[PDB]
Structure formats: C-alpha cells, structure tokens
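Notes follow once the structure below has been shown.
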Amino acid sequence: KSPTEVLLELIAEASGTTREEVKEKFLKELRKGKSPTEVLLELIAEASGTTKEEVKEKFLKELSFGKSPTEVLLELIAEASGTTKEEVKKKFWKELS
C-alpha cells in the first residue's frame, strides 16, 4: 500500500466513515488542483470538526518545530480520533509494508 492510501484509511476510521467516501472526497478536491497534503489536512479537519485554517496552522507550527509532514499528519489523525500518536503511527507502518 501507499502512504496516501494508508492515510485515507486512517482518516476514514477517525471520521467514522467509509474508505470509499473519503477516497471520493479526496479525488474531488485533488481535481480542483489541490496538493494531496492540503486535501489530507482538509479531510482531517472534517474528521476533527475544526476549521481547515486551524488544522493548516497547526500542521505548520509542528512542521516548524522540525517534525516531518507524515509524522505530523499521523499526530493530527490521532487527535481527530482521540487516540495515541504512538498508536496511529503503528497502524500506519503495519499497513504500509
């Protein structure tokens, strides 16, 4: 599996929605020209019920602290689902290879 694919699956679970609902949202947005990361942050915002800005800001405070996008996205996902950074990171690597 691919990192993006895995991220969507994790977001789907976080939201409490379908892999297919989320892949479809993903594609909708990507076709308007947005980068996969942007879109992923948007989908995370909806999973967490916060504003897109708010999550974008927050990704950027983290990134700036020296963290990487994948790391941050994984943390952001855990928050959205109300679980452990450590726990989602684990599912991610399990599903990835």
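Residue numbers start at 1 in each chain; chains themselves are named A, B, ... in the order of the structure tokens; ligands are numbered from 1 in the order shown.
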
Skipping near chain neighbours, those fewer than 3 positions away, what residues fall within 6 Å of residue 52 in chain A using only C-alpha atoms, listed as a PDB file with N, CA and C atoms, in the first residue's frame?
```
ATOM      1  N   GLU A  42      -7.477  18.932   4.988  1.00  0.00           N
ATOM      2  CA  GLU A  42      -8.899  19.272   4.932  1.00  0.00           C
ATOM      3  C   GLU A  42      -9.726  18.105   5.436  1.00  0.00           C
ATOM      4  N   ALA A  45      -9.498  17.941   9.101  1.00  0.00           N
ATOM      5  CA  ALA A  45     -10.341  18.991   9.688  1.00  0.00           C
ATOM      6  C   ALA A  45     -11.782  18.537   9.862  1.00  0.00           C
ATOM      7  N   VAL A  55      -6.378  23.653  11.286  1.00  0.00           N
ATOM      8  CA  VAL A  55      -5.532  22.484  11.095  1.00  0.00           C
ATOM      9  C   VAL A  55      -4.332  22.811  10.256  1.00  0.00           C
TER      10      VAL A  55
END
```

**Message:** Can you tell me which residues surround residue 76 in chain A at a distance of at most 9 Å, considering only C-alpha atoms, apart from same-chain residues fewer than 3 positions away, and format the answer as a ChimeraX atom specification?
**Reply:** /A:41,44-45,48,55,58-59,71-73,79-81,85

Using N, CA, C and O atoms, can you write the selected residues to a file as a JSON list (two decimals), in the first residue's frame?
```json
[["chain", "number", "residue", "atom", "x", "y", "z"],
["A", 41, "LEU", "N", -5.15, 17.46, 4.90],
["A", 41, "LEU", "CA", -5.38, 18.30, 6.06],
["A", 41, "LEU", "C", -6.87, 18.68, 6.14],
["A", 41, "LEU", "O", -7.44, 18.76, 7.22],
["A", 44, "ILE", "N", -8.81, 15.87, 7.35],
["A", 44, "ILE", "CA", -8.58, 15.74, 8.81],
["A", 44, "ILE", "C", -9.39, 16.73, 9.61],
["A", 44, "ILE", "O", -9.88, 16.42, 10.67],
["A", 45, "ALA", "N", -9.50, 17.94, 9.10],
["A", 45, "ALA", "CA", -10.34, 18.99, 9.69],
["A", 45, "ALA", "C", -11.78, 18.54, 9.86],
["A", 45, "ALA", "O", -12.35, 18.69, 10.91],
["A", 48, "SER", "N", -12.07, 15.94, 12.55],
["A", 48, "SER", "CA", -11.94, 16.58, 13.87],
["A", 48, "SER", "C", -12.93, 17.71, 14.13],
["A", 48, "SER", "O", -13.04, 18.16, 15.25],
["A", 55, "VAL", "N", -6.38, 23.65, 11.29],
["A", 55, "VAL", "CA", -5.53, 22.48, 11.10],
["A", 55, "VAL", "C", -4.33, 22.81, 10.26],
["A", 55, "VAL", "O", -3.26, 22.26, 10.47],
["A", 58, "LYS", "N", -1.93, 24.53, 12.44],
["A", 58, "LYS", "CA", -1.31, 23.62, 13.36],
["A", 58, "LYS", "C", -0.29, 22.69, 12.70],
["A", 58, "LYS", "O", 0.72, 22.38, 13.26],
["A", 59, "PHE", "N", -0.54, 22.23, 11.51],
["A", 59, "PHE", "CA", 0.44, 21.45, 10.79],
["A", 59, "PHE", "C", 1.74, 22.24, 10.68],
["A", 59, "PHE", "O", 2.84, 21.71, 10.88],
["A", 71, "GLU", "N", 4.77, 12.43, 9.92],
["A", 71, "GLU", "CA", 4.68, 12.44, 11.37],
["A", 71, "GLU", "C", 3.52, 13.30, 11.89],
["A", 71, "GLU", "O", 2.71, 12.87, 12.70],
["A", 72, "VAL", "N", 3.50, 14.53, 11.41],
["A", 72, "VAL", "CA", 2.50, 15.50, 11.83],
["A", 72, "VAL", "C", 1.08, 15.01, 11.43],
["A", 72, "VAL", "O", 0.10, 15.09, 12.21],
["A", 73, "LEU", "N", 0.96, 14.51, 10.20],
["A", 73, "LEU", "CA", -0.33, 14.07, 9.73],
["A", 73, "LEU", "C", -0.86, 12.93, 10.61],
["A", 73, "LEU", "O", -2.03, 12.89, 11.00],
["A", 79, "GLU", "N", -5.28, 12.84, 17.06],
["A", 79, "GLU", "CA", -6.08, 13.80, 17.76],
["A", 79, "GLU", "C", -7.53, 13.67, 17.33],
["A", 79, "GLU", "O", -8.43, 13.59, 18.17],
["A", 80, "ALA", "N", -7.74, 13.65, 16.01],
["A", 80, "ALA", "CA", -9.10, 13.59, 15.42],
["A", 80, "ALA", "C", -9.89, 12.42, 15.89],
["A", 80, "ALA", "O", -11.10, 12.51, 16.06],
["A", 81, "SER", "N", -9.20, 11.30, 16.08],
["A", 81, "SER", "CA", -9.85, 10.09, 16.58],
["A", 81, "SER", "C", -9.75, 9.98, 18.09],
["A", 81, "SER", "O", -10.35, 9.09, 18.68],
["A", 85, "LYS", "N", -0.73, 9.13, 19.44],
["A", 85, "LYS", "CA", 0.20, 9.35, 18.33],
["A", 85, "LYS", "C", 0.95, 8.08, 18.01],
["A", 85, "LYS", "O", 1.07, 7.66, 16.87]]
```

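Across the structure, CA of residue 46 in chain A and CA of residue 26 in chain A are spaced 12.1 Å apart.
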
**Asked** So what do you get for CA of residue 30 in chain A versus CA of residue 66 in chain A, distance-wise?
**Response**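 The value is 27.0 Å.
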
**DSSP alpha helix (DSSP H) residues within chain A, as an MDAnalysis selection string** = chainID A and resid 3:15 19:30 36:48 52:64 69:81 85:96

**Shortest interatomic distance to residue 1 in chain A - which of A:95, A:57, A:38, A:24, counting only C-alpha atoms** =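 Ranked by minimum distance to residue 1 in chain A, first place goes to A:95.
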
**Prompt:** So what do you get for CA of residue 7 in chain A versus CA of residue 51 in chain A, distance-wise?
**Reply:**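 CA of residue 51 in chain A lies 19.3 Å from CA of residue 7 in chain A.
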
**Complete:** Closest of A:14, A:60, A:74, A:39 to residue 27 in chain A, counting only C-alpha atoms, is A:39

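With distances restricted to only C-alpha atoms, A:75 is the closest residue to residue 62 in chain A from A:75, A:18, A:4, A:10.
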